[PDB]
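structure.cif (mmCIF, N, CA and C atoms and all ligand atoms)
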```cif
data_final
#
loop_
_atom_site.label_atom_id
_atom_site.label_comp_id
_atom_site.auth_asym_id
_atom_site.auth_seq_id
_atom_site.Cartn_x
_atom_site.Cartn_y
_atom_site.Cartn_z
N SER A 979 51.43 -63.83 -160.15
CA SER A 979 52.71 -64.58 -159.98
C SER A 979 53.76 -63.67 -159.32
N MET A 980 54.86 -64.28 -158.90
CA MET A 980 55.99 -63.54 -158.35
C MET A 980 56.61 -62.62 -159.41
N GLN A 981 56.69 -63.09 -160.65
CA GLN A 981 57.16 -62.27 -161.76
C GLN A 981 56.32 -61.02 -161.93
N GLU A 982 55.00 -61.16 -161.75
CA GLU A 982 54.12 -59.99 -161.85
C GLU A 982 54.29 -59.07 -160.67
N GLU A 983 54.41 -59.66 -159.48
CA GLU A 983 54.71 -58.85 -158.30
C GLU A 983 56.04 -58.12 -158.44
N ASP A 984 57.06 -58.79 -158.99
CA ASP A 984 58.33 -58.14 -159.30
C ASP A 984 58.19 -56.96 -160.26
N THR A 985 57.30 -57.09 -161.24
CA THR A 985 57.05 -56.02 -162.20
C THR A 985 56.46 -54.81 -161.51
N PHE A 986 55.45 -55.04 -160.68
CA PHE A 986 54.82 -53.96 -159.93
C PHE A 986 55.83 -53.30 -159.00
N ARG A 987 56.72 -54.12 -158.44
CA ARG A 987 57.77 -53.62 -157.56
C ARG A 987 58.70 -52.68 -158.32
N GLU A 988 59.09 -53.10 -159.52
CA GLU A 988 59.95 -52.28 -160.36
C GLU A 988 59.28 -50.95 -160.67
N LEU A 989 57.98 -51.01 -160.96
CA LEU A 989 57.20 -49.81 -161.24
C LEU A 989 57.20 -48.86 -160.04
N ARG A 990 56.93 -49.37 -158.84
CA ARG A 990 56.93 -48.51 -157.64
C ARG A 990 58.30 -47.84 -157.42
N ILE A 991 59.37 -48.60 -157.57
CA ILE A 991 60.74 -48.07 -157.46
C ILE A 991 60.94 -46.90 -158.44
N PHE A 992 60.59 -47.13 -159.70
CA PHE A 992 60.72 -46.11 -160.73
C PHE A 992 59.87 -44.88 -160.41
N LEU A 993 58.61 -45.13 -160.04
CA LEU A 993 57.70 -44.05 -159.69
C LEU A 993 58.22 -43.24 -158.51
N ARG A 994 58.74 -43.94 -157.51
CA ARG A 994 59.29 -43.30 -156.32
C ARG A 994 60.47 -42.40 -156.68
N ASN A 995 61.29 -42.86 -157.61
CA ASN A 995 62.45 -42.09 -158.06
C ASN A 995 62.05 -40.81 -158.78
N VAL A 996 61.09 -40.93 -159.69
CA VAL A 996 60.60 -39.78 -160.45
C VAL A 996 59.95 -38.73 -159.53
N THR A 997 59.13 -39.21 -158.62
CA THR A 997 58.45 -38.33 -157.67
C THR A 997 59.41 -37.56 -156.78
N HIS A 998 60.42 -38.22 -156.27
CA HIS A 998 61.49 -37.59 -155.53
C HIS A 998 62.18 -36.47 -156.33
N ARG A 999 62.48 -36.75 -157.56
CA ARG A 999 63.11 -35.79 -158.42
C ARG A 999 62.23 -34.55 -158.63
N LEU A 1000 60.94 -34.75 -158.73
CA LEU A 1000 60.00 -33.67 -158.76
C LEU A 1000 59.98 -32.88 -157.46
N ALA A 1001 59.91 -33.61 -156.36
CA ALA A 1001 59.68 -33.01 -155.05
C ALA A 1001 60.86 -32.20 -154.56
N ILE A 1002 62.08 -32.52 -154.99
CA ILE A 1002 63.22 -31.73 -154.59
C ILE A 1002 63.45 -30.48 -155.45
N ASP A 1003 62.73 -30.34 -156.55
CA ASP A 1003 62.89 -29.19 -157.43
C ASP A 1003 62.22 -27.98 -156.76
N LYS A 1004 62.98 -26.93 -156.55
CA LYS A 1004 62.47 -25.75 -155.82
C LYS A 1004 61.26 -25.11 -156.46
N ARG A 1005 61.11 -25.21 -157.78
CA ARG A 1005 59.92 -24.66 -158.43
C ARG A 1005 58.65 -25.31 -157.97
N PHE A 1006 58.74 -26.55 -157.51
CA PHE A 1006 57.55 -27.36 -157.26
C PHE A 1006 57.23 -27.51 -155.79
N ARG A 1007 57.88 -26.70 -154.96
CA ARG A 1007 57.67 -26.73 -153.53
C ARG A 1007 56.21 -26.61 -153.11
N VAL A 1008 55.43 -25.75 -153.76
CA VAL A 1008 54.02 -25.58 -153.39
C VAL A 1008 53.17 -26.82 -153.68
N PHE A 1009 53.68 -27.71 -154.52
CA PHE A 1009 52.98 -28.96 -154.81
C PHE A 1009 53.45 -30.13 -153.94
N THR A 1010 54.32 -29.90 -152.95
CA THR A 1010 54.89 -31.02 -152.20
C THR A 1010 54.04 -31.45 -151.02
N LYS A 1011 53.15 -30.57 -150.60
CA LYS A 1011 52.32 -30.84 -149.44
C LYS A 1011 50.90 -30.41 -149.72
N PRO A 1012 49.94 -30.99 -148.97
CA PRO A 1012 48.57 -30.50 -149.04
C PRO A 1012 48.49 -29.03 -148.69
N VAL A 1013 47.55 -28.32 -149.33
CA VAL A 1013 47.25 -26.93 -148.98
C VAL A 1013 46.73 -26.87 -147.53
N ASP A 1014 47.03 -25.77 -146.84
CA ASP A 1014 46.71 -25.64 -145.42
C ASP A 1014 45.32 -25.03 -145.21
N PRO A 1015 44.39 -25.78 -144.56
CA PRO A 1015 43.03 -25.25 -144.35
C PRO A 1015 43.01 -23.87 -143.71
N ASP A 1016 43.99 -23.61 -142.85
CA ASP A 1016 44.11 -22.34 -142.14
C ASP A 1016 44.56 -21.21 -143.07
N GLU A 1017 45.53 -21.48 -143.93
CA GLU A 1017 46.05 -20.47 -144.86
C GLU A 1017 44.97 -19.99 -145.85
N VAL A 1018 44.18 -20.93 -146.37
CA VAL A 1018 42.98 -20.56 -147.13
C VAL A 1018 41.90 -21.63 -146.90
N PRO A 1019 40.71 -21.22 -146.40
CA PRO A 1019 39.64 -22.19 -146.12
C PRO A 1019 38.76 -22.59 -147.31
N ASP A 1020 38.77 -21.81 -148.39
CA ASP A 1020 37.94 -22.12 -149.59
C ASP A 1020 38.52 -23.20 -150.52
N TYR A 1021 39.75 -23.65 -150.27
CA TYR A 1021 40.39 -24.63 -151.14
C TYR A 1021 39.63 -25.96 -151.15
N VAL A 1022 39.31 -26.48 -149.97
CA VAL A 1022 38.64 -27.78 -149.84
C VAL A 1022 37.23 -27.78 -150.47
N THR A 1023 36.61 -26.60 -150.53
CA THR A 1023 35.32 -26.41 -151.20
C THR A 1023 35.46 -26.38 -152.73
N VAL A 1024 36.43 -25.61 -153.21
CA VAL A 1024 36.59 -25.37 -154.65
C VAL A 1024 37.36 -26.51 -155.36
N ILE A 1025 38.28 -27.15 -154.65
CA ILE A 1025 39.03 -28.30 -155.19
C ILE A 1025 38.52 -29.61 -154.58
N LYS A 1026 37.86 -30.41 -155.42
CA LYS A 1026 37.14 -31.61 -154.98
C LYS A 1026 38.07 -32.75 -154.72
N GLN A 1027 39.19 -32.77 -155.41
CA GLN A 1027 40.10 -33.87 -155.28
C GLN A 1027 41.54 -33.40 -155.14
N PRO A 1028 41.89 -32.90 -153.95
CA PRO A 1028 43.23 -32.35 -153.74
C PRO A 1028 44.27 -33.41 -154.01
N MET A 1029 45.42 -33.04 -154.56
CA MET A 1029 46.50 -33.99 -154.76
C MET A 1029 47.81 -33.22 -154.64
N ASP A 1030 48.85 -33.89 -154.15
CA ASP A 1030 50.17 -33.28 -153.97
C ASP A 1030 51.19 -34.39 -153.98
N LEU A 1031 52.45 -34.02 -154.07
CA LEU A 1031 53.50 -35.02 -154.28
C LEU A 1031 53.72 -35.92 -153.07
N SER A 1032 53.43 -35.43 -151.86
CA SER A 1032 53.50 -36.32 -150.70
C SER A 1032 52.40 -37.38 -150.78
N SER A 1033 51.19 -36.98 -151.19
CA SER A 1033 50.09 -37.94 -151.34
C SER A 1033 50.43 -38.93 -152.44
N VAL A 1034 51.11 -38.48 -153.49
CA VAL A 1034 51.52 -39.40 -154.54
C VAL A 1034 52.46 -40.46 -153.97
N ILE A 1035 53.44 -40.06 -153.15
CA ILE A 1035 54.33 -41.04 -152.51
C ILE A 1035 53.54 -42.03 -151.65
N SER A 1036 52.60 -41.53 -150.84
CA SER A 1036 51.78 -42.41 -150.05
C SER A 1036 51.02 -43.43 -150.91
N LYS A 1037 50.48 -42.98 -152.04
CA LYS A 1037 49.73 -43.86 -152.95
C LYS A 1037 50.62 -44.92 -153.63
N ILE A 1038 51.84 -44.56 -153.98
CA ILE A 1038 52.78 -45.53 -154.50
C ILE A 1038 52.96 -46.64 -153.47
N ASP A 1039 53.21 -46.25 -152.22
CA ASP A 1039 53.47 -47.19 -151.17
C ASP A 1039 52.26 -48.01 -150.82
N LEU A 1040 51.06 -47.47 -151.05
CA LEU A 1040 49.81 -48.25 -150.84
C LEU A 1040 49.49 -49.10 -152.06
N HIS A 1041 50.37 -49.16 -153.04
CA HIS A 1041 50.16 -50.00 -154.23
C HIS A 1041 48.94 -49.52 -155.01
N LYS A 1042 48.74 -48.22 -155.11
CA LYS A 1042 47.58 -47.69 -155.82
C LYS A 1042 47.85 -47.52 -157.32
N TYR A 1043 49.11 -47.47 -157.72
CA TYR A 1043 49.45 -47.27 -159.11
C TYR A 1043 49.99 -48.57 -159.68
N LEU A 1044 49.25 -49.17 -160.58
CA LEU A 1044 49.66 -50.41 -161.25
C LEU A 1044 50.20 -50.14 -162.66
N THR A 1045 50.04 -48.90 -163.12
CA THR A 1045 50.59 -48.45 -164.40
C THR A 1045 51.09 -47.04 -164.31
N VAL A 1046 51.94 -46.67 -165.26
CA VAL A 1046 52.43 -45.30 -165.32
C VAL A 1046 51.31 -44.38 -165.69
N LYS A 1047 50.38 -44.86 -166.50
CA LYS A 1047 49.23 -44.05 -166.84
C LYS A 1047 48.42 -43.63 -165.61
N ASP A 1048 48.26 -44.52 -164.64
CA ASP A 1048 47.52 -44.19 -163.43
C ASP A 1048 48.28 -43.13 -162.60
N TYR A 1049 49.60 -43.26 -162.54
CA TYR A 1049 50.43 -42.26 -161.86
C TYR A 1049 50.29 -40.89 -162.53
N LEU A 1050 50.39 -40.88 -163.85
CA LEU A 1050 50.27 -39.62 -164.60
C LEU A 1050 48.93 -38.95 -164.45
N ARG A 1051 47.87 -39.71 -164.21
CA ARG A 1051 46.57 -39.14 -163.91
C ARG A 1051 46.64 -38.27 -162.66
N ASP A 1052 47.36 -38.72 -161.64
CA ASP A 1052 47.54 -37.92 -160.43
C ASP A 1052 48.47 -36.73 -160.62
N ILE A 1053 49.52 -36.88 -161.42
CA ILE A 1053 50.35 -35.71 -161.79
C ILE A 1053 49.48 -34.67 -162.52
N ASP A 1054 48.69 -35.13 -163.49
CA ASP A 1054 47.74 -34.24 -164.19
C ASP A 1054 46.75 -33.54 -163.29
N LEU A 1055 46.27 -34.25 -162.28
CA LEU A 1055 45.38 -33.71 -161.29
C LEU A 1055 46.06 -32.61 -160.44
N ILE A 1056 47.30 -32.82 -160.03
CA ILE A 1056 48.03 -31.75 -159.34
C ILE A 1056 48.01 -30.47 -160.21
N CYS A 1057 48.34 -30.64 -161.49
CA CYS A 1057 48.38 -29.53 -162.43
C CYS A 1057 47.02 -28.88 -162.66
N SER A 1058 46.01 -29.66 -163.02
CA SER A 1058 44.70 -29.11 -163.28
C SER A 1058 44.09 -28.46 -162.03
N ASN A 1059 44.31 -29.02 -160.85
CA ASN A 1059 43.83 -28.37 -159.62
C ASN A 1059 44.46 -26.96 -159.45
N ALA A 1060 45.76 -26.87 -159.69
CA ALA A 1060 46.46 -25.58 -159.58
C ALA A 1060 45.91 -24.55 -160.58
N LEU A 1061 45.68 -24.99 -161.82
CA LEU A 1061 45.14 -24.10 -162.82
C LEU A 1061 43.78 -23.57 -162.43
N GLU A 1062 42.96 -24.46 -161.88
CA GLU A 1062 41.65 -24.07 -161.41
C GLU A 1062 41.74 -23.23 -160.18
N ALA A 1063 42.62 -23.57 -159.25
CA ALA A 1063 42.69 -22.83 -157.99
C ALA A 1063 43.32 -21.44 -158.18
N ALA A 1064 44.14 -21.27 -159.22
CA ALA A 1064 44.85 -20.00 -159.48
C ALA A 1064 44.63 -19.50 -160.90
N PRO A 1065 43.42 -19.03 -161.22
CA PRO A 1065 43.05 -18.75 -162.60
C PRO A 1065 43.25 -17.30 -163.08
N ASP A 1066 43.66 -16.39 -162.20
CA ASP A 1066 43.59 -14.95 -162.50
C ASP A 1066 44.84 -14.48 -163.24
N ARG A 1067 44.81 -13.24 -163.71
CA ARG A 1067 45.91 -12.66 -164.48
C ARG A 1067 47.07 -12.16 -163.61
N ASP A 1068 46.89 -12.13 -162.30
CA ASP A 1068 47.90 -11.49 -161.45
C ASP A 1068 49.15 -12.37 -161.41
N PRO A 1069 50.30 -11.76 -161.11
CA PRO A 1069 51.56 -12.47 -161.13
C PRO A 1069 51.57 -13.67 -160.22
N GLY A 1070 50.93 -13.59 -159.05
CA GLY A 1070 50.91 -14.76 -158.16
C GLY A 1070 50.30 -16.01 -158.78
N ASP A 1071 49.12 -15.81 -159.39
CA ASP A 1071 48.44 -16.89 -160.09
C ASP A 1071 49.22 -17.36 -161.32
N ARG A 1072 49.75 -16.45 -162.12
CA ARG A 1072 50.51 -16.88 -163.30
C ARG A 1072 51.74 -17.69 -162.95
N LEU A 1073 52.42 -17.33 -161.86
CA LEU A 1073 53.58 -18.08 -161.38
C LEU A 1073 53.19 -19.50 -161.02
N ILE A 1074 52.09 -19.64 -160.30
CA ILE A 1074 51.59 -20.97 -159.93
C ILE A 1074 51.26 -21.78 -161.16
N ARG A 1075 50.57 -21.18 -162.12
CA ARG A 1075 50.21 -21.92 -163.33
C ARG A 1075 51.44 -22.31 -164.13
N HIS A 1076 52.40 -21.41 -164.21
CA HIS A 1076 53.61 -21.72 -164.93
C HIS A 1076 54.34 -22.90 -164.31
N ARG A 1077 54.43 -22.89 -162.98
CA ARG A 1077 55.07 -23.97 -162.25
C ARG A 1077 54.30 -25.29 -162.34
N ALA A 1078 52.98 -25.21 -162.36
CA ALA A 1078 52.12 -26.39 -162.51
C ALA A 1078 52.34 -27.07 -163.86
N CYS A 1079 52.37 -26.26 -164.91
CA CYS A 1079 52.66 -26.68 -166.25
C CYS A 1079 54.05 -27.26 -166.35
N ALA A 1080 55.01 -26.64 -165.69
CA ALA A 1080 56.37 -27.17 -165.70
C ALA A 1080 56.46 -28.51 -164.95
N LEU A 1081 55.71 -28.66 -163.88
CA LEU A 1081 55.69 -29.94 -163.16
C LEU A 1081 55.20 -31.06 -164.05
N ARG A 1082 54.08 -30.80 -164.69
CA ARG A 1082 53.50 -31.76 -165.62
C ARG A 1082 54.45 -32.10 -166.78
N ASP A 1083 54.98 -31.08 -167.43
CA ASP A 1083 55.91 -31.29 -168.52
C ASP A 1083 57.17 -32.06 -168.11
N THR A 1084 57.68 -31.76 -166.92
CA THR A 1084 58.86 -32.42 -166.41
C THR A 1084 58.60 -33.90 -166.16
N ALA A 1085 57.48 -34.23 -165.53
CA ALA A 1085 57.13 -35.60 -165.25
C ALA A 1085 56.99 -36.37 -166.55
N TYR A 1086 56.26 -35.79 -167.50
CA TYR A 1086 56.08 -36.43 -168.77
C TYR A 1086 57.40 -36.63 -169.50
N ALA A 1087 58.29 -35.65 -169.46
CA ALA A 1087 59.58 -35.74 -170.15
C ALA A 1087 60.50 -36.79 -169.52
N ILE A 1088 60.50 -36.89 -168.19
CA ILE A 1088 61.31 -37.91 -167.51
C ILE A 1088 60.83 -39.30 -167.93
N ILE A 1089 59.52 -39.47 -167.89
CA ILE A 1089 58.90 -40.72 -168.30
C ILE A 1089 59.18 -41.06 -169.76
N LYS A 1090 59.05 -40.11 -170.67
CA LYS A 1090 59.34 -40.37 -172.07
C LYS A 1090 60.78 -40.81 -172.28
N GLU A 1091 61.72 -40.23 -171.54
CA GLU A 1091 63.12 -40.53 -171.74
C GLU A 1091 63.53 -41.85 -171.03
N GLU A 1092 62.91 -42.18 -169.91
CA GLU A 1092 63.42 -43.23 -169.03
C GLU A 1092 62.57 -44.49 -168.89
N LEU A 1093 61.33 -44.44 -169.34
CA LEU A 1093 60.42 -45.58 -169.22
C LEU A 1093 60.36 -46.31 -170.56
N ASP A 1094 60.66 -47.59 -170.55
CA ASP A 1094 60.50 -48.43 -171.74
C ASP A 1094 59.01 -48.68 -171.95
N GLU A 1095 58.53 -48.42 -173.16
CA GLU A 1095 57.10 -48.54 -173.46
C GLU A 1095 56.62 -49.99 -173.35
N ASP A 1096 57.52 -50.95 -173.53
CA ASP A 1096 57.16 -52.34 -173.31
C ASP A 1096 56.98 -52.66 -171.84
N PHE A 1097 57.66 -51.91 -170.97
CA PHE A 1097 57.49 -52.08 -169.54
C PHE A 1097 56.07 -51.62 -169.18
N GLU A 1098 55.71 -50.46 -169.68
CA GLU A 1098 54.37 -49.91 -169.44
C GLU A 1098 53.32 -50.87 -170.01
N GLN A 1099 53.54 -51.39 -171.22
CA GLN A 1099 52.58 -52.34 -171.81
C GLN A 1099 52.40 -53.61 -170.96
N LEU A 1100 53.50 -54.14 -170.44
CA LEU A 1100 53.45 -55.28 -169.53
C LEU A 1100 52.57 -54.94 -168.31
N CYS A 1101 52.82 -53.79 -167.71
CA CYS A 1101 52.06 -53.35 -166.50
C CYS A 1101 50.56 -53.32 -166.82
N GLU A 1102 50.23 -52.77 -167.99
CA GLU A 1102 48.85 -52.66 -168.42
C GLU A 1102 48.21 -53.98 -168.64
N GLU A 1103 48.96 -54.94 -169.20
CA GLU A 1103 48.41 -56.21 -169.44
C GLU A 1103 48.21 -57.02 -168.15
N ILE A 1104 49.12 -56.91 -167.18
CA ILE A 1104 48.90 -57.54 -165.89
C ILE A 1104 47.63 -56.90 -165.26
N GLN A 1105 47.58 -55.57 -165.18
CA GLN A 1105 46.41 -54.83 -164.62
C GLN A 1105 45.11 -55.32 -165.27
N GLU A 1106 45.03 -55.25 -166.60
CA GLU A 1106 43.84 -55.76 -167.35
C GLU A 1106 43.48 -57.23 -167.05
N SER A 1107 44.47 -58.07 -166.75
CA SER A 1107 44.19 -59.48 -166.44
C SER A 1107 43.56 -59.69 -165.07
N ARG A 1108 43.62 -58.68 -164.20
CA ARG A 1108 43.10 -58.81 -162.83
C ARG A 1108 41.68 -58.26 -162.73
CL CL B 1201 58.30 -18.23 -154.66
#
```
Take the structure in this file and express it as structure tokens.
Amino acid sequence: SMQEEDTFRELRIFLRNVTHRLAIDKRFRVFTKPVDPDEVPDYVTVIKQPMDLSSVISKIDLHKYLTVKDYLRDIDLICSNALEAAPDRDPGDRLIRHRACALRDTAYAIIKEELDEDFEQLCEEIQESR
């Protein structure tokens, strides 16, 4: 229905807002774009499912997220990919992991504070009905 399409529209607007807020945070700059094949060629081999905040925006616009849970799966993937790609004790890797963890925590905290759980439940029930 149009009411359901309106709901999905509201979700995309909200998701777009949260993602923007993430993407402008200077700590999260390394997560804003795909990793560069030239800068390191082993990334595409070691990371099977690359994800970044620009790809998240593209997916919102392609109507790929019908629930907040589906969006958070991609935020989690950005984080888990970073942890896997930067696992060592050296300061460079620890900085990346710290920032990855902060990205995840920030997204979750924004969502906890700003998303009505009944809105999410509605999204889930429309998704399940299709
Ligand atoms: Cl830096």
Let me have the centre and edge lengths of the axis-aligned box enclosing all listed atoms of range 1098-1107 of chain A with 3 Å padding on every side, in Å to one decimal, as JSON.
```
{"center_x": 49.6, "center_y": -54.8, "center_z": -168.2, "size_x": 18.2, "size_y": 15.8, "size_z": 13.2}
```
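Residue nearest residue 1033 in chain A within the list A:1054, A:1074, A:1062, A:1011: A:1011 [criterion: smallest interatomic distance, only N, CA and C atoms].
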Review point. Which is closer to ligand CL 1201 (chain B) than all the others in A:1005, A:1041, A:979, A:1080, using only N, CA and C atoms and all ligand atoms?
Key: A:1005
Practice item. For each of A:1083, A:1103, A:1098, A:988, take the minimum atom-to-atom distance to residue 1045 in chain A, counting only C-alpha atoms, then give the residue where this is smallest. Key: A:1098
Review point. For ligand CL 1201 (chain B), which residue among A:992, A:1019, A:1004, A:984 is the nearest when counting all atoms listed in the file?
Key: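 Of A:992, A:1019, A:1004, A:984, the one nearest ligand CL 1201 (chain B), counting all atoms listed in the file, is A:1004.
Omitting residue 1097 in chain A and its sequence neighbours fewer than 2 positions away, and counting only C-alpha atoms, the residues within 10 Å are residues 985, 988, 989, 1045, 1046, 1093, 1094, 1095, 1099, 1100, 1101, 1102 and 1103 of chain A.
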Point to revise | Residue contacts of residue 1003 in chain A (12 Å, only C-alpha atoms) excluding same-chain residues fewer than 6 positions away, as a count of residues only | key: 10
Check your understanding: Interatomic distance between CA of residue 1104 in chain A and CA of residue 982 in chain A?
Key ->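 So the two atoms, CA of residue 1104 in chain A and CA of residue 982 in chain A, lie 7.0 Å apart.
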**Study point:** Selection near residue 1039 in chain A, 9 Å with only C-alpha atoms, sequence-local residues under 4 positions removed, as a ChimeraX atom specification
**Key:** /A:990,994,1034-1035,1043
Point to revise | Expected answer as a ChimeraX atom specification: helix (DSSP H, G or I) residues in range 989-1083 of chain A | key: /A:989-1001,1004-1009,1021-1024,1031-1039,1046-1063,1069-1083
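Nearest to ligand CL 1201 (chain B) of all the residues A:1073, A:1055, A:1013, A:1001 is A:1073, based on only C-alpha atoms and all ligand atoms.
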**Study point:** For atom N of residue 1107 in chain A and atom C of residue 1088 in chain A, the interatomic separation in Å (one decimal)
**Key:**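 It comes out at 24.9 Å.
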Exercise for review: Select, from A:1060, A:1089, A:991, A:1008, the residue with the minimum atom-to-atom distance to ligand CL 1201 (chain B), counting only C-alpha atoms and all ligand atoms.
Suggested key: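 With only C-alpha atoms and all ligand atoms as the atom set, the closest residue is A:1008.
In this structure, CA of residue 1024 in chain A sits 11.0 Å away from CA of residue 1064 in chain A.
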